[PDB]
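Asker: sequence and experimental coordinates follow.
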Amino acid sequence: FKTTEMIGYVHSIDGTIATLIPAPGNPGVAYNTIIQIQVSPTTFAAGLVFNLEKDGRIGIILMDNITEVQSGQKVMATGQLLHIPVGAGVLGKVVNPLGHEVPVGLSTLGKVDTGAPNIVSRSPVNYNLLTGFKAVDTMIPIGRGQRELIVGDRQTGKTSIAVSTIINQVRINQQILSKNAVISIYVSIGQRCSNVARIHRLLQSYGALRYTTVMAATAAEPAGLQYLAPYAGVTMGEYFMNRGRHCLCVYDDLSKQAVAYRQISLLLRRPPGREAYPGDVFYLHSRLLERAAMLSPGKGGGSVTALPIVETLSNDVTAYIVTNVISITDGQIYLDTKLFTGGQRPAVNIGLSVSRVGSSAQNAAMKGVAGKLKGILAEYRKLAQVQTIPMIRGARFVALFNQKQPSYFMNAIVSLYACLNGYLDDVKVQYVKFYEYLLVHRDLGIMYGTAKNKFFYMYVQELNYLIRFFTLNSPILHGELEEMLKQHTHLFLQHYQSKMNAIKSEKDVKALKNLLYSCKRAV
Amino acid sequence: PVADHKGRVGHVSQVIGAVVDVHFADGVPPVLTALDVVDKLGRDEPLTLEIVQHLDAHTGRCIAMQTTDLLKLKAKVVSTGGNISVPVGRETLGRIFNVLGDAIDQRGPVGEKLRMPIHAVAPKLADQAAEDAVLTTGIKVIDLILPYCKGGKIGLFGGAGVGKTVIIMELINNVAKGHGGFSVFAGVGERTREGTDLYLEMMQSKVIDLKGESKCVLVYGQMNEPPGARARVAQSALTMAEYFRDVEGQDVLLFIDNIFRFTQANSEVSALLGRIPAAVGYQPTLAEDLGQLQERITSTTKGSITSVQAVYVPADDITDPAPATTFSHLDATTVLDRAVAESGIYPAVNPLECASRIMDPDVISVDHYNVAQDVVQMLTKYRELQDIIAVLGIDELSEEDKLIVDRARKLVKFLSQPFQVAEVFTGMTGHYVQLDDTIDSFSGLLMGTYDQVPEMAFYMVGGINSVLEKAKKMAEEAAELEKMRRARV
Amino acid sequence: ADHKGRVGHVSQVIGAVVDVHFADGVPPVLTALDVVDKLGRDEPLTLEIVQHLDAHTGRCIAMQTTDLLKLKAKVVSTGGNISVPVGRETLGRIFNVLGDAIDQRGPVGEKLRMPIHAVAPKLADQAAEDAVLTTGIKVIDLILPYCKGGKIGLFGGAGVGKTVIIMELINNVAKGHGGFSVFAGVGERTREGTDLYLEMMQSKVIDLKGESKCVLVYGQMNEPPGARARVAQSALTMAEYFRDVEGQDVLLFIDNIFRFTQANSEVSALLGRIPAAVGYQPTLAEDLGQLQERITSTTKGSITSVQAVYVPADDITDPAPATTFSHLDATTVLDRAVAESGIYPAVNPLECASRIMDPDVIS
Amino acid sequence: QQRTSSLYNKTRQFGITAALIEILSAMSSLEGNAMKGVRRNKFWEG
Amino acid sequence: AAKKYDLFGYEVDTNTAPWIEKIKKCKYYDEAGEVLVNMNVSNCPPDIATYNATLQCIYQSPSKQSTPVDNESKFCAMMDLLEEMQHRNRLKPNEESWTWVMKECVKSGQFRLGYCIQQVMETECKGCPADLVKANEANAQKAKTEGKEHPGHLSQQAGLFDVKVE
Ligand SMILES: Nc1ncnc2c1ncn2[C@@H]1O[C@H](COP(=O)(O)OP(=O)(O)OP(=O)(O)O)[C@@H](O)[C@H]1O
Ligand SMILES: Nc1ncnc2c1ncn2[C@@H]1O[C@H](COP(=O)(O)OP(=O)(O)OP(=O)(O)O)[C@@H](O)[C@H]1O
Ligand SMILES: [Mg+2]
Ligand SMILES: [Mg+2]
């Protein structure tokens, strides 16, 4: 930061807030600008101006190095709003809301106070953003430029789903042109430093750092950084939006930002509102989530897909902050605690989840497959021993929704199509994961020399973009799809399920259980 | 004439949030006066202030319509010589405006004949109208239990994601498109994408013919806007509606979404003005602001304004001061409940908590009134019985109580309807039920002539004919299943 | 460092809040001051700077009673934050917030001291991978295994052998991992502190004539809220010394973590800050963050904390337990019914939980 | 029973918060009305 | 030449000739995407000719970038671009685009995709050139003779408990 002149001295320090007194002549400080407090002869501490009093005392919100801020220290004014580095030189790095790089154990600038696109600067979402989960991609379409909320209780996969969604883009980005590559900005707000390290290692393992940047504001950090982190993150994401590219900014999580802002407001002695929150807590998130949009073709067509996360208490979705966020986003992915603890993960409560604008962006193939799945699931919920066709397919679908890692588009859609057309009717519910693993990774037809298809094989990952083009029901890819599905089902029922139904030895039962555990965790 | 304070020079004395105090050497201009900041300040957009209080004979407290970033003390400010004025007339039709009345659609200049201030006095007693009519919306619940009145004030109360916006869009499609008069859509603190969707829908349906004659005006101050603009966009839109009503004697439709954000913005600015908060934390002048705003939304002897307003209920707390104060300012009240929505019933109207002013035999037909009253009584008794049912069970009821329960369940299912705008979410073609058809169907259902029809036949359908067709299809499916089971022997 | 021995004078005394005026400028916040005037006091008085009122006046919180305290009373800065003795000489001894041996067992004879307030480990110091902490107990090791650097929520009050489990953990961690333990009594009954000390001396975990494997840091209820809000940090600093200098897997017991929150809330209330919802201090999240974040597994060693959690009014959604659960990595629930059935340790296996129960971490 | 217990907990928390906010609002109103008078001290002696 | 408009009715640029020339002088086909991004930002949406030029650049370029990417795939990029222009722009690919895709398929040696591309071209276009079909058949026969028709690991027999889930 470039200093211009002294504008006063530090007078009082009440936690994370401070007040300055004017320098001789009252040079003046521009409102909402960044000021530097000379804590040492060579080091400075960032501060944000929030109040210009008549007497000449400036209200400051300390950002970093609060422990080294003392009354009487000189304060210099930069004269400009907060700007942070943005571009391709920040991808793969861990930064803080002030733009400083965070060391990790082995030159464009962006304004963090920019307005959102206006009414005629937007367009309907038309490009899907795949999350890699069958439930979300089918029943909860997410289009690029959409704000999708992720609500749920503590320890229910709220962070895991978003991290997997970021990871799911690695394979796609490496194949298609760089213009369509989806970049990610994971913003951690008030989380634990160990959790940030684990997330960083997980992203690095899958090579997602080339297309991802992490902004961290741990719980030990003051409220200013936590309150400012999401704005800096979206600012980093808006760089690609204004240049015809797409981003996937993620906020983990807005609840802690609200707590930090409430702390700041109460330290300033402002009228508390509902649940002691400030009156403008809604505006806090409004000015944030509004900046994520899908630009119109005239502006380039860039996008910023927001995935705000919110934590509820006892599955209470009538909280002040939860309802406020639900009133801003374009949907919600509710993660029920009962499903999660019951072994049904990611535990997406499809009944309460919804996508208000993502329906159009859904791909034609996924849209075609997902149309009937909606009715099947709706009937299955109402029906829950007479087992009709809807009940069998509903049970198989619920079994298939169990995932740990994001699934490639071709594998997920092929498995969903096979289940929808009744190819898993004879397959027992407990063997659905093993059946899917054999379908995706192995190839029974080739193994037993009974393959007739010319090109349609699951080992040909190149077919994903051909399936995405027309449909799974096109006359080009329909006959071979049906042939391979029939052969796989026949071979499975003949060889694998028949033997699995004839296991009584205790050792063999343990081996079968271990096999099922392994399959359930790997496709 | 020219104001005696136009061009008056003042200097910024204090800046706190969106509240700025300006000192005038020659005297503070009148309250509500619009001021412009002349200093460049390196800003990207101009800055405008509205006077809301007088601190002394020289200092005045103002609210900024744009962000106050890069605003220094002693910054020069010049009075505009009057309140904030917005364009009026037919030149505004088909255009998109903001709080200040600037066209934001990136099209040619408005070229309005004149402008009028956003702040105006409400109509007096002698100017009130005495006309009562029925506005057919095509929705069974509204047309039956809480019928809307032409030229009246309507409100939709609901939580987050309950269906307020969907009902507004359905009403727009079913009324505004086939409306003789003009329409004004005032977006207050709502999603900006919704404004774009509404604009595209209007253009596609030729409601806004940029190459021809349009019949709608869009005024939008959205969530991203600062609290200053969200407390005056409603005033500007209502000023345009008032001009259409009075200066032309034209029937107008005023769709406000959401009116709660107006009170919220007023509370936010009041917190900075240095006022003692009322209960919950709203400004002490909550009732007065709503009274001044709503009293202007009325039908006079010159024209008519049918206003539909969406009221947001924070945390689903219907007792909150903001929504609570709005009830007294509405002719028709539509209360939406989250629990009803979670049960698959859309719209989620809670008929027992809804009310209408034209629910009077002197206004609506006698048969309509009798059917509505019978339905309400049945629903009330069923709600009373549900308390016993949820504890002991249905089998612990009287013989006639079971009949009441079955009829009330069919009524609850029947009240649902698929909207033509929610086809994506419902996956079914929307229905438009005539007023007479609704009355006849509900009267028949009350008599009990449809006791044989399955309960689910009434779920997500239109009139009685749709119920019978769905029942026939269900009967055919059941017969097929029975034939398959019998052949299995 | 430049403010070592700086002179100041008391300017205001309102209960436990004392304002000190320095002619040369207030020392840095969180600085320990000593009241040189012991005219009639039976104990020394020490103040902690919490806020700066102006360039010369600073607000402080007293660690003892402020009785017989006059205005303009001389005060001398200690040169920095509160200092606590750290080393192998503190094993088997009882300390207070100020790091003074209250066991009347001779001088501590420490070789070094550390400040109470230390920044949490940086993101670069975090452990490469999660590791299990073998406690030696079949139930814990199997169903709810502990992780190095993790926080365990110990539910279930007295009557379920909670102290016995604590002593067993202290013994097992030293037996297997060779790491010491630090027990912090925050707002604890003095009688229960004496009982725990006697039990530890009886079980030889604190051997007066031999080698002890536990440090006791007690902040009792009768002490003012200024001490109950820093005893935990003193114990954590003692644990951090072993974690860093000696590179061990240390244990840190907190009894209770709710008392820490209550003490911080009271301290904030005294300063006049507006309480948040329910009535806890507005910095409730930050107060717990500045403490829990210091408990982690670094590249040198680790500190696994077993914190006894109390749920006020049996409301699991209360801000205190709700905020606390966001930092817990495991949960050990103790039930009286299990104890009455003759099962010891009285652990309800189906009520416990752990996050490392994942193949990616454990075998 | 579970639903009523949840409502009971929620209601008590809201009541405590509302009462505390009301008391603090009254205190702030009392503090605001207070005005700092002219200081009668030897300003020159400094 | 004729006036063109976007969703809001605002006039849109149509002079795409300079951008095609810029695409023609790209060494790595990842630079072609940048040109398309610049076109979109400059309110000059690509047309059928621009997409054909981009496909030609992809076919004729050595690799995606100067440094190798982990999973470079020209076919994936071509299909993604075709899906874009078809679904998100409403432009039917002409015979030129499918011929470029088939040329890429036969050049890389992915004969199995050649069958699907040939069927697609026959269904949409009048027919596929015999030269490309002959080259694809030659590649398939060469693969079959060497026994490389399918991956080796897929042909291995594995019973119920002999499957390595891994
Ligand atoms: N789909 C899944 N399959 C299996 N395990 C999962 C899945 N999703 C999450 N988990 C596991 O569940 C646990 C909790 O997940 P996660 O950390 O994402 O939750 P959270 O909502 O972020 O909770 P917190 O409040 O602690 O951040 C972790 O051990 C994680 O590995
Ligand atoms: N009549 C309806 N039929 C079917 N689904 C509906 C209907 N009304 C609402 N919904 C569902 O509820 C969702 C939210 O509806 P809507 O946009 O009207 O919310 P709202 O009341 O405006 O809330 P907020 O604006 O605060 O988010 C819709 O996306 C849709 O899934
Ligand atoms: Mg998480
Ligand atoms: Mg809405």
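Answerer: Yep, that arrived. Numbers count the residues shown, from 1 in each chain, chains lettered A, B, ... in the order given. Ligands and ions are numbered 1, 2, ... in the order given.

Asker: show me where the stretch 201-350 of chain B has strands.
Answerer: Under the criterion DSSP state E, counting those that start in this stretch, the stretch 201-350 of chain B carries strands at the ranges B:216-221, B:252-257, B:305-312, B:332-335.

Asker: looking at the ones you listed, which is closest to residue C:361?
Answerer: Closest of the strands of the stretch 201-350 of chain B to residue C:361 is strand B:305-312, at 44.7 Å (criterion: Cβ to Cβ). Using the backbone N, CA and C atoms, a C-beta is placed for each residue, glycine as well.

Asker: need the strands of the stretch 201-350 of chain B in JSON lines (columns: distance to chain E and mean neighbour count).
Answerer: Below are these laid out as JSON lines (distance: least, Cβ to the nearest Cβ, whole Å; neighbours: other Cβ atoms under 10 Å in any protein chain shown):
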{"stretch": "strand B:216-221", "distance to chain E": "13", "mean neighbour count": "26"}
{"stretch": "strand B:252-257", "distance to chain E": "21", "mean neighbour count": "25"}
{"stretch": "strand B:305-312", "distance to chain E": "26", "mean neighbour count": "26"}
{"stretch": "strand B:332-335", "distance to chain E": "33", "mean neighbour count": "24"}
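
Asker: any chance of these in JSON lines, plus distance to chain A?
Answerer: Below are the strands of the stretch 201-350 of chain B laid out as JSON lines (distance: least, Cβ to the nearest Cβ, whole Å):
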{"stretch": "strand B:216-221", "distance to chain A": "6"}
{"stretch": "strand B:252-257", "distance to chain A": "12"}
{"stretch": "strand B:305-312", "distance to chain A": "7"}
{"stretch": "strand B:332-335", "distance to chain A": "16"}
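
Asker: name the residues of stretch A:54-69 that are buried.
Answerer: Buried residues in stretch A:54-69, defined by neighbour count with 16 or more other Cβ atoms under 10 Å in any protein chain shown: A:56-67, A:69.

Asker: is chain C within reach of that stretch?
Answerer: Yes. Judged by Cβ under 8 Å from any Cβ of the partner chain, stretch A:54-69 comes into contact with chain C at A:67, A:68.

Asker: report whether that stretch contacts chain D.
Answerer: No. Judged by Cβ under 8 Å from any Cβ, stretch A:54-69 stays clear of chain D, getting no closer than 12.4 Å.

Asker: now the residue sitting nearest the centre point of chain E: closest residue in space, sequence neighbours ignored.
Answerer: By Cα atoms, centre = their mean, chain E has its centre lying nearest to residue E:78, at 1.9 Å. Once flanking residues are discounted, residue E:78 sits nearest to residue E:101: 5.2 Å by Cβ to Cβ, 6 or more residues apart in numbering or on different chains.

Asker: cool, and residue A:311?
Answerer: residue A:255 (5.1 Å).

Asker: OK, contacts around that neighbour?
Answerer: A:309, A:310, A:311, A:321 (Cβ atoms under 8 Å, 6 or more residues apart in numbering or on different chains).

Asker: alpha carbons of the helix or strand containing it, as PDB, please.
Answerer: Assessed by DSSP states H and E, residue A:255 sits inside helix A:254-267. Presented in PDB, the C-alpha positions along helix A:254-267 are these (Å, rounded to 0.1, in the frame of the first residue of the first chain):
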ATOM      1  CA  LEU A 254     -21.700 -16.900   5.600                       C
ATOM      2  CA  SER A 255     -23.000 -17.700   9.100                       C
ATOM      3  CA  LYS A 256     -19.600 -17.000  10.600                       C
ATOM      4  CA  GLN A 257     -19.300 -13.800   8.500                       C
ATOM      5  CA  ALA A 258     -22.700 -12.800  10.000                       C
ATOM      6  CA  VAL A 259     -21.300 -13.500  13.500                       C
ATOM      7  CA  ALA A 260     -18.200 -11.400  12.800                       C
ATOM      8  CA  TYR A 261     -20.300  -8.500  11.400                       C
ATOM      9  CA  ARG A 262     -22.500  -8.700  14.500                       C
ATOM     10  CA  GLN A 263     -19.400  -8.600  16.700                       C
ATOM     11  CA  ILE A 264     -18.200  -5.500  14.800                       C
ATOM     12  CA  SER A 265     -21.600  -3.800  15.100                       C
ATOM     13  CA  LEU A 266     -22.000  -4.500  18.800                       C
ATOM     14  CA  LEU A 267     -18.500  -3.300  19.600                       C
END
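
Asker: so which bits of it are buried?
Answerer: Applying 16+ other Cβ under 10 Å to helix A:254-267 flags A:254-267 as buried.

Asker: just confirm yes or no for it near ligand 1.
Answerer: No. For helix A:254-267, no contact with ligand 1 is found by Cβ under 6 Å from any ligand atom; the gap never falls below 9.9 Å.

Asker: one step back: right, and the residue nearest to the centre of chain E touches residue E:99 too?
Answerer: No. Between residue E:78 and residue E:99 there is no contact under Cβ atoms under 8 Å: 11.4 Å.

Asker: name the residue closest to the centre of chain D, please.
Answerer: Geometric middle of chain D (Cα atoms, centre = their mean) lands on residue D:24, at 1.1 Å.

Asker: quick one: residues contacting residue B:140.
Answerer: Applying Cβ under 8 Å, 6+ apart, we find residue B:140 in contact with B:414, B:415, B:417, B:433, B:438, B:442, B:462.

Asker: can you list those residues in a markdown table and add distance to residue D:7, neighbour count and secondary structure?
Answerer: Putting those into a markdown table (distance: Cβ to Cβ, whole Å; neighbours: other Cβ atoms under 10 Å in any protein chain shown; DSSP: H, G, I helix; E, B strand; the rest coil) gives the following:
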| residue | distance to residue D:7 | neighbour count | secondary structure |
| --- | --- | --- | --- |
| B:414 | 31 | 25 | helix |
| B:415 | 27 | 23 | helix |
| B:417 | 32 | 26 | coil |
| B:433 | 38 | 21 | coil |
| B:438 | 37 | 26 | helix |
| B:442 | 35 | 23 | helix |
| B:462 | 38 | 22 | coil |
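
Asker: can you redo those residues as JSON lines with distance to chain A?
Answerer: Listed next are these as JSON lines, based on distance: Cβ to the nearest Cβ, whole Å:
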{"residue": "B:414", "distance to chain A": "18"}
{"residue": "B:415", "distance to chain A": "19"}
{"residue": "B:417", "distance to chain A": "18"}
{"residue": "B:433", "distance to chain A": "24"}
{"residue": "B:438", "distance to chain A": "27"}
{"residue": "B:442", "distance to chain A": "25"}
{"residue": "B:462", "distance to chain A": "20"}
